[PDB]
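Data first, discussion second: the structure below is written as structure tokens.
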Amino acid sequence: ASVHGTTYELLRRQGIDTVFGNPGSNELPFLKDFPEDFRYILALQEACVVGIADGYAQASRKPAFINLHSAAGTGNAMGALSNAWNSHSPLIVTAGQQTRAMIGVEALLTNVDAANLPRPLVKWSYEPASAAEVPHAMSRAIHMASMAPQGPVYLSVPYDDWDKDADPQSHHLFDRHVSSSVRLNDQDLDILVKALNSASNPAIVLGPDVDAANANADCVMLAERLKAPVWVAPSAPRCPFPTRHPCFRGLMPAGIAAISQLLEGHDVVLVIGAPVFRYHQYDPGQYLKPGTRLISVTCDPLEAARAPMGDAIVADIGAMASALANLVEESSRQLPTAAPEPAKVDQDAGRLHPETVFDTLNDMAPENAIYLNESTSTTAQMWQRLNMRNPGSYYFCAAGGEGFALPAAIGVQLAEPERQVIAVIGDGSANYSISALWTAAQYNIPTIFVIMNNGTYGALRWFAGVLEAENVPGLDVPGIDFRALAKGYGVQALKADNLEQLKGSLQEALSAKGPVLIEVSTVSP
Amino acid sequence: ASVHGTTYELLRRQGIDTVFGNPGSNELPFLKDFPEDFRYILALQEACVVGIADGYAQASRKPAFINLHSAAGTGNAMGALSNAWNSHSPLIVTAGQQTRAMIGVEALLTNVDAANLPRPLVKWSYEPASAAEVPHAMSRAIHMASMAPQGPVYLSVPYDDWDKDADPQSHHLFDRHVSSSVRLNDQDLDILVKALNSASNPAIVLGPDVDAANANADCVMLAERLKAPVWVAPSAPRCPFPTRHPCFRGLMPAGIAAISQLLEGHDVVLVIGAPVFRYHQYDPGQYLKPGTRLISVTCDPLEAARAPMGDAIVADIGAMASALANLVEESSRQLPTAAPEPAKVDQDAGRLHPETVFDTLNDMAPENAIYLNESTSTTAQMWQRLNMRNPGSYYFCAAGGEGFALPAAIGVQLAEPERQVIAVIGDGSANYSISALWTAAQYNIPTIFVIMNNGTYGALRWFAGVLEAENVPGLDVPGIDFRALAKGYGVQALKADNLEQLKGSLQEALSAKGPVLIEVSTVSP
Amino acid sequence: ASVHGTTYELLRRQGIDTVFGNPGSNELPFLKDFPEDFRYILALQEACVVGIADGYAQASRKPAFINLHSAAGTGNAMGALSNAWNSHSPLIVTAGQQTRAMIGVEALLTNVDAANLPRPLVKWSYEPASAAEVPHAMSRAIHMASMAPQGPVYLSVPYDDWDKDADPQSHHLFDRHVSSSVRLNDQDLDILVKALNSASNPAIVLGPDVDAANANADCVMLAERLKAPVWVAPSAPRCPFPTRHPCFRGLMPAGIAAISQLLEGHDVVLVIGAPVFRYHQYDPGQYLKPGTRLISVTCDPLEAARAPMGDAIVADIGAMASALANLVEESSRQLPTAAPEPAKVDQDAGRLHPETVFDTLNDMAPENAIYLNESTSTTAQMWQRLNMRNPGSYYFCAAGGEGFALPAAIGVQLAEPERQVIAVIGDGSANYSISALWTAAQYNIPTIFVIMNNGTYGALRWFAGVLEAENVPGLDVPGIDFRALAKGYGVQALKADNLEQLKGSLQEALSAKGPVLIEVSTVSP
Ligand SMILES: Cc1ncc(Cn2c(C)c(CCOP(=O)(O)OP(=O)(O)O)sc2=O)c(N)n1
Ligand SMILES: Cc1ncc(Cn2c(C)c(CCOP(=O)(O)OP(=O)(O)O)sc2=O)c(N)n1
Ligand SMILES: Cc1ncc(Cn2c(C)c(CCOP(=O)(O)OP(=O)(O)O)sc2=O)c(N)n1
Ligand SMILES: [Ca+2]
Ligand SMILES: [Ca+2]
Ligand SMILES: [Ca+2]
Ligand SMILES: [Ca+2]
Ligand SMILES: [Ca+2]
Ligand SMILES: [Ca+2]
Ligand code: NA
Ligand code: NA
């Protein structure tokens with residue numbers, strides 16, 4: 001068998017059937033004779049390729065396979081890799097290298113010192129020492145991406161390797177099963193459960209690895225048994241809990257002092273599937289107030305090591321959430337009372353307040369919609385106003401890197417063809433990965449893109465306020481016609497300058513058979 | 001003085017007055033109180049920021065200063081850095097980091113292991129150990145980018161550093177002058193000159209560092225004195241010689257055997273300012289034929305080390321070209337005869353042959369036009385058909401990385417306001433950095449963008465032919481309306497479906513007062 | 001509190017009370033005011049410092065703390081770090097850096113790009129961005145070294161940081177408990193147990209992480225219940241099983257074909273706590289024969305990923321071994337029969353055969369002796385001839401790096417003051433870390449060093465035979481007087497030129513109150 005045949009067999013035997021790519025000449029010997037059971041999803045720029053693959057992997061809860069061109073293609077994707085690293089996204093990033101005979105002379109398209117290029121944003125990065133090693137290196141890449149804590153990995157392959165003979169012993173790779181589905185030993189798990197059972201006023205904080213593990217329902221059972229309020233850890237990349245469940249208390253503020261004040265009076269705080277904590281603004285004070293102790297369950301040793309307070313347990317989130325939910329006692333405390341609905345903000349017949357947009361989306365969207373957020377100044381209102389009952393209903397760029405939501409929304413929609421995806425993206429953020437729209441048009445992936453157009457980088461005006469920073473250039477982005485950009489890439493486009501038009505546009509978009517972009521005129525901050 | 005005040009003083013004293021950027025919150029404390037003598041050039045995505053800065057630096061022949069946001073912003077720019085590394089572009093890339101007090105907890109927007117992120121595509125990469133060190137680190141960055149061999153450098157700065165007190169000894173940084181303008185010692189230079197004077201049939205090969213050094217005129221004098229044919233080294237990022245001078249012989253084929261056959265019968269081949277050689281296709285054979293010896297002058301030790309043949313001298317290209325041109329004897333051989341004009345290809349009243357496009361551009365463009373090429377399947381025809389008399393008249397992505405020409409053409413036009421810039425870009429390549437168009441509209445930078453629309457990744461069809469690779473996915477890019485994309489970003493747009501319309505569109509574009517995009521319907525390969 | 005006071009408090013609260021070091025000026029501000037409850041163990045060269053700390057950590061089963069001088073001190077230790085990486089040794093390596101104010105100018109003793117220096121041989125490598133971050137960075141280092149898979153970590157600290165004020169919130173670091181004591185979820189553990197219970201002819205292979213976890217007794221119970229033969233995985237750094245238990249089958253040959261032939265006919269092979277596999281010689285063939293399937297339990301994702309065959313489970317070895325031993329059925333198969341004793345090799349009254357040395361050590365040493373091996377050509381005979389009943393009885397350089405056993409034997413003896421340590425070291429290997437002898441003399445650590453003196457690098461003669469490599473320089477090491485070297489460093493020394501003298505020397509050494517070196521004249525290969 002050839003290295004080409006052996007590698008595609010390994011991929012299919014490991015459950016991979018889709019290649020997200022932007023091709024180049026170092027990759028043509030891999031992509032030739034493309035197998036009939038695989039599909040190739042083309043995107044026009046590599047940040048878009050990786051963003052699409054990332055949304056697909058996060059929604060599918062399985063690894064996604066990417067093929068990029070050498071150093072330039074890899075490099076164009078590295079902002080997308082920064083988000084994937086923070087979201088623990090299982091991405092297998094492959095890039096083609098020059099033929100082995102010209103690597104030394106650094107022919108055009110040689111990826112020099114290739115394995116160092118995507119570091120430090122990958123769990124594993126490698127170029128094989130021979131063609132016959134390629135399938136074994138691909139096997140390492142698959143398992144490295146997929147083991148807890150999941151994350152992106154990188155493999156560089158010289159183009160001449162594909163046609164070489166494979167090692168006949170490579171067949172032992174095909175059906176390897178690797179598990180990291182582990183939980184704390186019985187004795188120490190019993191100690192933890194007793195501490196939870198004994199707590200007088202517990203609180204629960206959930207992060208994105210809960211939603212990645214589909215541990216959401218087990219966390220609902222846990223919160224109901226402990227009769228405990230539940231918050232989502234700050235800077236949330238996913239939604240790990242039903243947002244109208246009576247225990248839900250919302251998104252935590254991303255500040256040290258704000259979090260310790262919120263948790264004051266809670267004697268035990270159990271954090272599951274989150275870093276402790278992804279603070280953002282610098283809000284110095286106590287990490288925890290006297291009387292509060294913290295216990296973190298994380299799938300990532302790096303998170304356990306860097307927490308500034310608390311105990312930690314490094315284990316699989318799915319296995320731990322299931323075990324805790326089934327072992328804790330039902331507390332005799334009263335179940336927390338649901339938060340009140342948000343107030344309606346006053347809205348005239350002009351430009352839309354973001355609150356009006358989210359209320360209207362909540363009114364009109366299906367109950368199993370999936371939302372993506374890259375509307376950076378409106379995140380708090382979004383979390384208050386969208387009822388997200390189901391797992392996999394929310395994505396936000398995990399490293400704060402713009403250019404995620406537009407392509408990721410296409411990958412999520414590909415992963416979840418029966419759930420309507422609605423990406424809410426600011427006019428600034430929309431530009432970073434604008435060409436991803438073409439992939440939605442070409443493959444008819446029916447994502448709805450809602451562009452919140454207020455003419456400015458609004459969140460940067462906010463942070464400038466926090467810092468008291470004046471005379472800052474580069475904050476305004478006037479003069480972008482998003483309906484023309486959508487037309488440019490073949491996507492149907494609508495404009496909403498007021499509430500009547502927003503409702504009409506959403507009705508049309510929800511009825512459409514393909515992707516739709518709605519440009520919404522929102523109020524300037 | 002503050003670190004902020006001291007750093008801007010260092011920048012202005014070192015000749016820097018422009019910041020190319022896309023802002024974020026870690027950068028607001030740097031950008032606040034922006035000095036009135038500086039300008040800020042915003043672009044909407046970081047590949048575009050860096051591409052604009054790169055064209056500006058290459059055309060200006062001086063360092064350009066960039067400010068990006070943390071890891072995601074840096075990462076979005078790394079494909080652009082791969083081109084800048086190959087073109088020896090003096091780019092000072094700065095990125096904002098989290099405040100020092102939250103780096104350890106890895107708050108959102110922390111750039112983890114920052115200096116490793118852009119490696120291996122930078123000459124120097126650093127994060128200072130204290131705020132007071134920031135001006136000295138910026139001084140290192142400026143000089144590292146600017147010394148031969150020039151190249152990109154990276155500096156990560158925690159946002160809290162800017163408001164701290166500077167070291168009063170930082171003033172010694174302001175006026176430092178660092179020179180690498182060096183040439184081979186007299187005795188060995190005399191040996192070289194004698195070898196050139198004695199050669200019976202010399203040839204000259206020039207690369208991009210000739211144009212970077214503005215050594216073009218000295219190379220013309222050298223070729224005239226030696227009565228030697230002149231070729232441009234393969235995969236050329238710049239044009240180092242007048243293309244209708246009688247000695248000019250064109251762009252070398254990027255293959256080992258093709259180059260040794262071309263040079264057969266030349267006893268001494270002098271390569272100046274090029275890697276030896278930037279081959280592309282694998283065309284195995286002799287590096288040089290018997291009877292040919294090679295001497296390379298390069299500004300880059302890495303190039304001298306990796307050449308597979310020949311002697312090398314590591315020195316400044318400007319200083320060496322001037323010394324050789326002034327020291328060699330005038331040979332009594334006859335001056336080479338100019339190459340014949342290219343033939344006119346048959347053109348009907350339908351879609352345009354690329355040859356027709358280049359002939360028409362050559363007919364209509366000013367004699368001091370500047371061209372950029374990202375029309376990958378038409379490069380040979382472009383080099384045959386455009387008369388480029390002057391230095392700084394041609395740019396092509398030095399690492400082969402798509403997404404360079406569109407933004408770089410805006411930076412070149414900013415650097416050269418009195419020379420009309422004409423970027424010739426394929427329909428595939430146009431998407432990688434499409435949002436750069438907005439910067440041309442906003443700042444009214446009057447670049448002309450000629451989109452060669454043939455619906456496919458044509459060069460990848462070509463390389464597939466070379467490899468004999470069939471059943472390759474992802475090679476077609478139908479369904480892009482470039483006039484709508486231009487409208488989206490505020491740029492006037494024209495379409496040319498035939499020759500009459502191409503001439504009319506070019507006449508309108510050349511008369512316009514702002515940037516213009518022309519979508520040209522070209523023949524499918 | 002100062003950073004100095006806070007850091008020592010963190011160390012003592014995390015169970016660290018010993019610093020293994022070789023001092024320098026960047027470290028004096030850390031070592032000053034050394035706390036009265038800590039001890040400092042000086043060694044004269046850094047390979048020795050790290051080797052001593054490594055033996056101490058491996059025998060104690062807890063992290064060891066090291067302090068080295070800048071880049072040169074770190075660099076002198078990097079061969080020792082290569083062994084520590086392979087043995088999963090929990091080592092916290094700290095190195096002093098220049099004061100922050102002169103790092104930029106690269107004053108003498110600046111460790112440039114410090115975190116990159118020990119890569120790729122560390123799990124985590126870091127230099128803090130401010131003095132107040134130092135305790136939190138030390139906390140990260142402690143937990144990173146200690147979490148599964150354990151391994152070395154590196155922290156570089158500018159010398160001026162120690163006297164700065166600590167963050168008052170650093171107290172939350174002191175009592176953090178971090179656990180990785182996890183095992184496979186119940187459902188999948190039940191599937192594994194059923195596969196073991198159903199196997200017709202199981203085999204067990206154990207590696208060093210069994211001994212690190214003190215899982216040895218649980219593995220004995222497991223082997224007795226399954227009535228299965230037990231081998232030690234190749235290139236063994238530790239002994240995970242009693243070597244005269246009836247199930248024991250010895251050290252596996254370090255070859256692909258040799259291992260698959262050994263395992264032929266075993267239907268399920270369970271590997272616990274080993275890479276699959278640490279082959280050495282290239283012995284190509286089948287990874288496993290038809291009819292054999294493999295299941296690996298490893299604490300290290302990198303091991304699970306790179307195995308060329310089998311299923312894998314990534315979990316704590318102690319937790320998994322205990323669970324399996326307690327859950328499997330008692331098989332009705334007959335218990336394996338013990339291997340026969342080794343034969344006595346013919347020995348005349350001259351130089352000693354290594355077999356005679358090991359037989360005599362086995363006869364005379366206490367039953368709870370601990371052996372270290374760096375006698376590279378005699379490893380197979382050592383494993384056949386020493387009855388090692390107890391855990392923690394054997395250490396061998398895990399990366400094959402010479403210079404481990406001599407210093408590690410001193411650290412093991414410090415960790416286990418009531419178990420006599422006997423290091424068996426070749427005359428070649430003894431030189432790499434010879435100065436470690438001084439630490440044994442100074443602190444009166446009563447290790448016995450047995451130098452096998454045959455005048456040559458015997459194993460390299462063996463491998464030369466395998467390769468059929470002739471005319472190789474540098475294989476002989478004549479002219480070393482090991483009694484004089486021992487005298488040089490203050491250690492009592494004896495010579496044994498024949499068996500009578502070997503017995504007399506061992507009797508004297510075993511009766512001594514301090515360290516003793518015995519130079520044994522062994523037969524030339
Ligand atoms: C790759 C990249 N570049 C720049 C930024 C900085 N950035 C930027 C540019 C923001 C403004 C986004 O504007 P928007 O129009 O999408 O939304 P708002 O107006 O609601 O802020 S928020 C933010 O952190 C970033 N996070 N990522
Ligand atoms: C960042 C990046 N991604 C992908 C490629 C691969 N690539 C691609 C995608 C080419 C096709 C360009 O198509 P075009 O329309 O711009 O021009 P032609 O039709 O004349 O080839 S040529 C080439 O090397 C690349 N060089 N750089
Ligand atoms: C740091 C280092 N350098 C060199 C070697 C190579 N090496 C060497 C030099 C060996 C010979 C050891 O000789 P010895 O006297 O200790 O024992 P034998 O005579 O029994 O081989 S075995 C081996 O792998 C090594 N493993 N580690
Ligand atoms: Ca099919
Ligand atoms: Ca906005
Ligand atoms: Ca001004
Ligand atoms: Ca094209
Ligand atoms: Ca004491
Ligand atoms: Ca020896
Ligand atoms: Na990198
Ligand atoms: Na290193």
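We name chains A, B, ... by the order of the sequence lines, and we start the count at 1 in each one. Note: hydrogens, waters and symmetry copies are ignored here, and every other heavy atom, side chains too, is used.
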What part of [X] lies closer than 4.5 angstrom to a heavy atom of chain A: side chain, backbone, both or neither?
X	result
B/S25	both
B/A399	backbone
B/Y159	side chain
B/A486	neither
B/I256	side chain

Test side-chain contact (heavy atoms from CB on, under 4.5 Å) applied to B/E402 and B/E374, step by step: CA-CA 7 Å; B/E402 305 269 291; B/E374 209 164 275; 3.8 Å; yes

Please list, in residue-number order, every residue in residues 459-468 of chain A that has a heavy atom less than 4.5 Å from any heavy atom of chain B; write 'none' if there are none.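 A/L460, A/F463, A/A464, A/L467 fall under the 4.5 Å cut-off.
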
I would like to know whether B/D476 and B/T456 meet side-chain hydrogen bond (donor to acceptor under 3.5 Å, both in side chains); could you show each step before the answer? CA-CA 4 Å; B/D476 298 325; B/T456 190; 2.9 Å; yes

Test side chain to side chain contact (heavy atoms under 4.5 Å, CB included) applied to B/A115 - qualifying residues, sequence neighbours left out: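 Once residues adjacent in sequence are excluded, the partners of B/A115 under the side chain to side chain contact (heavy atoms under 4.5 Å, CB included) criterion are B/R119, B/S125.
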
What I'd like to find out is whether the side chain of [X] reaches to under 4.5 Å of the side chain of [Y], using heavy atoms alone.
X	Y	result
B/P23	B/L42	yes
B/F482	B/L517	yes
B/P29	B/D160	no
B/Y279	A/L108	no

Geometric class of the B/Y8/B/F38 ring pair [parallel <30°, tilted 30-60°, perpendicular >60°]: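 The arrangement is perpendicular - the two ring planes meet at more than 60°.
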
Could you check which of A/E46, A/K32, A/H69, A/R39 has the highest count of heavy-atom pairs closer than 4.5 Å to chain B?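 Sorted descending by pairs with chain B, the first entry is A/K32.
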
